[PDB]
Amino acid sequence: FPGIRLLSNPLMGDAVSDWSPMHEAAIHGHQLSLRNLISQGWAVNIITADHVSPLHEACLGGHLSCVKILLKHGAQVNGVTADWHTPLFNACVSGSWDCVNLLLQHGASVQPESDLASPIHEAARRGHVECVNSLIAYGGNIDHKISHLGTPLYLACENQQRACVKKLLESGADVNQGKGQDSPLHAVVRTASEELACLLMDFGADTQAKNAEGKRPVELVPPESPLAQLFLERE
């Protein structure tokens, strides 16, 4: 990339490689401090040994004015850390829809290449509905299914994000797409989440779908449980 790097010295660990005063200012939302460092000739595209830029940190803190000044001075929008995080992913972590919108305005890719850090999944799993909204407005696939993770719907259910599950279903998410053959309905009955089971069913979940073990959702609940009596009622 076109930018300054901070290298680790594995033989000299006190030597700084994991931070700088630019990162320091970004993480704490000190945009005036960032201004001063920039006017002193410090690059905004400066990455730690783990490939973290000040923009990554500003986004993680929801520091909108810091994001703006970094972007103004050429901060890379789509940089990926050693953990595959993009600035957009980090904004989704923080829940700052303002930061998310601004990044998307600056052409941030809605769906980065590493399915190891999906913004829409992260937003959904955290219940950040506004962030989910912004991603969809910029082309994000509400049903994007990742191997060994699932859909945003599946993750929202798994993390008990009832308001988010409701919003995803209201926005047209496929009620029946989960993770592999484990539909969202299977997953929530297994955890005995009656709120989520009824919500999913209200939006047309398939009570007859079979999972990897060949089992319908009803077969994952105790026969005397209130869920079982609901499933039986419908059959």
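So that there is no doubt, residue numbering starts at 1 and follows the sequence shown.
For the pair 202-210 and 53-61, the record assigns the higher mean C-alpha temperature factor to 202-210. Residue 129: CA B factor lies in the middle third for its chain, per the PDB record. Annotation for residue 111: C-alpha temperature factor in the highest third relative to the rest of the modelled chain, per the entry. In the PDB entry, residue 158 places in the middle third of its chain by CA B-factor. Residue 89: CA B factor lies in the lowest third for its chain, per the PDB record. When the modelled residues of the chain are ordered by C-alpha B-factor, residue 122 sits in the lowest third.
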